[PDB]
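This report refers to the structure that appears directly beneath it.
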Amino acid sequence: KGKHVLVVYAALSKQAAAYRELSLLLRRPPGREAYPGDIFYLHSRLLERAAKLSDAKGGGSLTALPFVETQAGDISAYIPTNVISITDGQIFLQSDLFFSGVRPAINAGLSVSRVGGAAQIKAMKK
Amino acid sequence: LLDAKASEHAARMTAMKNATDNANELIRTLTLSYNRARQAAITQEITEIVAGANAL
Amino acid sequence: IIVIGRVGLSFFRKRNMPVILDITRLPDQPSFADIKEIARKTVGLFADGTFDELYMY
C-alpha cells in the first residue's frame with residue numbers, strides 16, 4: 001500500500017531445526033546433517049520477499065534483519081553458510097568483545113555490506 | 001667483547017634447541033587430533049549414507 | 001652508558017639514558033684490528049681527562 005515496513009526474525013536456526021523435525025517425521029529422505037533437501041529453498045522463499053518496490057507499484061519497501069545464533073563462534077556451519085549465502089551482507093558480534101564490556105560487540109573486520117555508500121546521508125558518507 | 005659473543009652463541013644454541021623440541025611436541029598432538037577428526041568424519045558420513053539408503 | 005648492539009641498546013634508550021659510544025654492526029668473528037677503531041675512540045674520548053670510572057656488564 002506504499003508504507004514502509006521493518007521485520008526482525010529473532011532466530012532462524014530454530015526454524016531450520018523445526019523443519020528438520022517435521023521432515024524426518026513425515027518420513028522424507030534426509031541429506032546433509034540429516035536436514036531435508038530444500039532448506040535452502042525454505043530460506044530463499046523466506047528472505048526473497050524483502051525488496052524495495054518501484055514507484056509504479058506504490059513505492060513501498062520491506063527491510064529484514066534476520067538473526068543467527070552460533071555455537072562457539074562457528075561460521076562454517078551448514079545453516080549459517082546457507083543464510084549468509086542469501087543475505088546482502090553480514091554483521092558480526094563477538095563474545096570476547098561483549099565480555100570486555102564493549103556493547104555493542106561489533107566486529108568491523110568481518111562484517112560486510114553490499115550496498116554501502118548508497119545507504120547513508122551525504123554528511124555521514126563524507 | 002669475546003665473552004659476550006661466546007655467551008650470545010650459547011644462548012642461541014639453547015633457544016633454538018628448545019624451539020625445535022616444542023615444535024615436535026606440538027606436531028605429535030596435532031597429528032593425533034587430525035587422525036581422530038578424520039575417523040569421526042568418515043564414520044559420520046557412512047552412517048548418514050546408510051541411513052538415507054535404508055529410509056527408502 | 002656505552003652499549004654494543006642496538007638490539008639490547010633499545011632497552012636503555014626507552015630507559016632514557018645517554019649513549020656515549022655505540023657499536024651496532026660488526027662481524028660474527030671480530031678481530032683486534034676491527035676493534036682498533038672503537039678502541040682508538042675509547043682512548044681519545046672517555047680518556048682519563050674526561051672519565052675515571054667504568055663498570056662493564
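In the C-alpha cells, each chain is lettered A, B, ... as it comes, each chain's residues begin at 1, and ligands are numbered from 1 in order of appearance.
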Next item on the list: Could you please tell me, as a ChimeraX atom specification, which residues of chain A have an atom within 9 Å of chain B when using only C-alpha atoms?
Entry: /A:27-34
Write the residues you've just listed into a file as an mmCIF file, in the first residue's frame, and include C-alpha atoms for each of them.
data_model
loop_
_atom_site.group_PDB
_atom_site.id
_atom_site.type_symbol
_atom_site.label_atom_id
_atom_site.label_comp_id
_atom_site.auth_asym_id
_atom_site.auth_seq_id
_atom_site.Cartn_x
_atom_site.Cartn_y
_atom_site.Cartn_z
ATOM 1 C CA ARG A 27 9.445 -39.936 6.501
ATOM 2 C CA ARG A 28 11.170 -37.816 3.911
ATOM 3 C CA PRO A 29 14.689 -38.907 2.912
ATOM 4 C CA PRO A 30 17.330 -36.809 4.679
ATOM 5 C CA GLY A 31 20.501 -35.165 3.409
ATOM 6 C CA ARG A 32 23.430 -33.277 4.905
ATOM 7 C CA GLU A 33 23.347 -33.259 8.715
ATOM 8 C CA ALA A 34 20.060 -35.185 8.474
#
Check: Within 9 Å of residue A:112, counting only C-alpha atoms, which residues qualify if same-chain residues fewer than 3 places away don't, as a VMD selection string?
Finding: chain A and resid 88 to 92 108 to 109 116
Selected residues, C-alpha atoms, written as a PDB file, in the first residue's frame, please.
ATOM      1  CA  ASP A  88      23.137  -8.944   1.081  1.00  0.00           C
ATOM      2  CA  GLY A  89      25.586  -8.692   3.971  1.00  0.00           C
ATOM      3  CA  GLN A  90      26.520  -9.934   7.432  1.00  0.00           C
ATOM      4  CA  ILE A  91      27.197  -8.061  10.665  1.00  0.00           C
ATOM      5  CA  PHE A  92      29.278  -9.829  13.302  1.00  0.00           C
ATOM      6  CA  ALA A 108      34.125  -4.201  11.794  1.00  0.00           C
ATOM      7  CA  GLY A 109      36.707  -6.641  10.444  1.00  0.00           C
ATOM      8  CA  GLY A 116      27.499   0.522   1.359  1.00  0.00           C
TER       9      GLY A 116
END
Note to self: Which residues are close to residue A:81, i.e. within 12 Å by only C-alpha atoms, leaving aside same-chain residues fewer than 2 positions away? Reply as a PyMOL selection string.
What the structure shows: chain A and resi 13+39-40+43+68+70+74-79+83-87+90
Item checked: Residue neighbourhood stretch 39-43 of chain C, 12 Å, only C-alpha atoms, exclusion window fewer than 3 positions, as JSON, numbers by chain -> {"B": [1], "C": [2, 20, 21, 22, 23, 31, 32, 33, 34, 35, 36, 46, 47, 48, 49, 50, 51, 52, 54]}
Check: Could you list, as a ChimeraX atom specification, every residue of chain B that has an atom within 10 Å of an atom of chain C, counting only C-alpha atoms?
Finding: /B:1-2,4-6,9
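Going from atom CA of residue B:50 over to atom CA of residue A:19, you cover 21.9 Å.
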Checklist line | Near-residue A:94 list (8 Å; only C-alpha atoms; drop same-chain fewer than 2 positions) as a list in words | finding: residues 73, 92, 96, 97, 98, 105, 106 and 107 of chain A
Checklist line | Separation of atom CA of residue A:42 from atom CA of residue B:41, in Å and rounded to one decimal | finding: 26.9 Å
